[PDB]
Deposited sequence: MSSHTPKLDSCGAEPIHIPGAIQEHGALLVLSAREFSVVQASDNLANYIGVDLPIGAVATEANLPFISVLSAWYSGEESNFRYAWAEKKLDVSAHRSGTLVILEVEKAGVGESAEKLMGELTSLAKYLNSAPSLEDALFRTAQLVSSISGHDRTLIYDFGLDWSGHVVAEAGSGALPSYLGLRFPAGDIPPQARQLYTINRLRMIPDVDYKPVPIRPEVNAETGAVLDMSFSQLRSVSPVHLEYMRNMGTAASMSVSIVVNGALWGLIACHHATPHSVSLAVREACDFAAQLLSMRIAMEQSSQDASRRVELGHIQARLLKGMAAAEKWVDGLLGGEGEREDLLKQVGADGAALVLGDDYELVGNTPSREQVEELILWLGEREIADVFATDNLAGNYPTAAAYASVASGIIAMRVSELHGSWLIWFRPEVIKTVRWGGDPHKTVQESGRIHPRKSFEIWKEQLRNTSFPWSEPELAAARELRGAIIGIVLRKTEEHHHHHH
């Protein structure tokens, strides 16, 4: 039920601006928000063509519409409004918000450069995330700005925070995946910005609900004024945030994380400042992606050093196994190939244990257990006792493993020990008030000792595992 609410078609906006939908062919009015007259100062009925008398920007909007610039922005000094628009099929969606008076563009510009200089010097990611949080905190004026990093399961945890003391500190807390369900996360991957200036706004309808040009209700995916999900607003109330504002951090086409801003009372942010925060997220995205590519490449080539050095040792060795484990350096490398603390090479009934392993009998019983599983190439887990409760007995030495079959009945398995982590959750991760699934009322810190879990296997490490398997597969077939 959770991810099925279509958040992109509510047929309504928030109060802090108004909305006009017009037909590209002729710029005739097709839909409007009920509050449009309160901003524009002219009705514009359905069917009405836009003219320079009522929309002074109409001349530049036509120009914008033919061009390539995906969005339109225009300062309407007359009415102190910021106007913006975008294309949606054959429609232009105009949004009008009150202009943010008393803000400086040199302020933004100067502040943005202080981050861009910082970000381009190759600094530690932690400090990049903090000062990015702290600029958005500076220029936005919220009570809390934080940076929320998604994990592989789409739970996320707070990795940076700036604030004014007025709201709680969530630095280092994990939050469960359902807090930002999948349709929200997909929307946020393509529309990278959102603002909710007042949690208790009364939704302002868009009439007619069905657009007469398309036959459908309006796709509000790129509407910055879109009315948000009712259930999320209970989340905000439950949290005690009267205003929020968030910006997607998109790295390599994927939603990496969020800059999340919250205020204790209501709060608004100008179109300009919101455009500035998107800029900040964009720079940080570039930092993150390069930090990843460089850490990966340097790890891949470091594993390459080890890989070939074992590859030549096995080839040059008489019995071959002695390339993997002939003396100090070969064993050392076998464990460093995949960043392991021990390993078991099993050639039928000949067991060889290197480094810190479980017992010969424990490994026997693991292999039997593995044999029943259907594994294509390699089996990796950071939590062996999840799928094999039995292995809770040797969690200190083999919480995580990579296992590689070799014959039909040999095996090569690496071991990683338990790392004890205390994870702090923003409220109980499992709790939801069932009825429609409603949000939990408490975000008090909820502790959880994490047991039987190793450091996770990096993708270079699994790649080296699969690589090393091939060389071994090709030698036992050759030897026989």
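Asker: Counting from 1 along the deposited sequence, what's missing?
Answerer: In sequence order, the gaps with no modelled C-alpha are 1-9, 418-419, 447-448, 494-501.
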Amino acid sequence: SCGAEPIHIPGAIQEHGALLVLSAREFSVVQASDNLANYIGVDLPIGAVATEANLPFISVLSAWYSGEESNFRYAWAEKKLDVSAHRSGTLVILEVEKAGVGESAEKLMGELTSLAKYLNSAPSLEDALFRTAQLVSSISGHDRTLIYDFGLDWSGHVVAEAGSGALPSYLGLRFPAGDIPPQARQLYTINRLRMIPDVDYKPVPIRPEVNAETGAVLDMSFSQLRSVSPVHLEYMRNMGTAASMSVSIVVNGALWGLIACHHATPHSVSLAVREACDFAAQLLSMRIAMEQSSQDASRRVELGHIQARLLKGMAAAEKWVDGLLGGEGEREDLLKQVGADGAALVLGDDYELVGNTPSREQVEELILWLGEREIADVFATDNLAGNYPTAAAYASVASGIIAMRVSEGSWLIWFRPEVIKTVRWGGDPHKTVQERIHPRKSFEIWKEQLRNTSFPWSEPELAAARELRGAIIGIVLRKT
From here on, numbers count along this sequence of modelled residues.
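Asker: Which is higher on mean Cα B factor in this entry, 228-236 or 106-114?
Answerer: For C-alpha atoms only, the mean B-factor is higher in 106-114.
Asker: Name the higher of the two by mean Cα B-factor in the PDB entry, 365-373 versus 176-184.
Answerer: Averaged over C-alpha atoms, the B-factors run higher in 365-373.
Asker: Can you tell me which of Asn191, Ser140, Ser124, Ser399 has the maximum CA B-factor listed in the PDB entry?
Answerer: The listed residue with the largest C-alpha B-factor is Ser124.
Asker: Taking the Cα B-factors listed in the entry, which of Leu335, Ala77, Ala280, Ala344 comes out highest?
Answerer: That would be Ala77.
Asker: Would the CA B-factor of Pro460 place it in the lowest, middle or highest third of its chain?
Answerer: Ranked within chain, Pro460 CA B lands in the middle tercile.
Asker: What third of its chain's C-alpha B-factors does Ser454 belong to: lowest, middle or highest?
Answerer: Tercile = lowest for this residue's CA B-factor.
Asker: Rank-wise, by C-alpha B-factor, drop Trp320 into the lowest, middle or highest third of its chain.
Answerer: Highest third of the chain for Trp320's C-alpha B-factor.
Asker: Going by the recorded CA B-factors, say which third of the chain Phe57 sits in, lowest, middle or highest.
Answerer: Highest third, going by the recorded CA B-factors of the chain.
Asker: Which third of the chain does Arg416 land in by C-alpha B-factor: lowest, middle or highest?
Answerer: Answer is lowest: the recorded C-alpha B-factor places it there.
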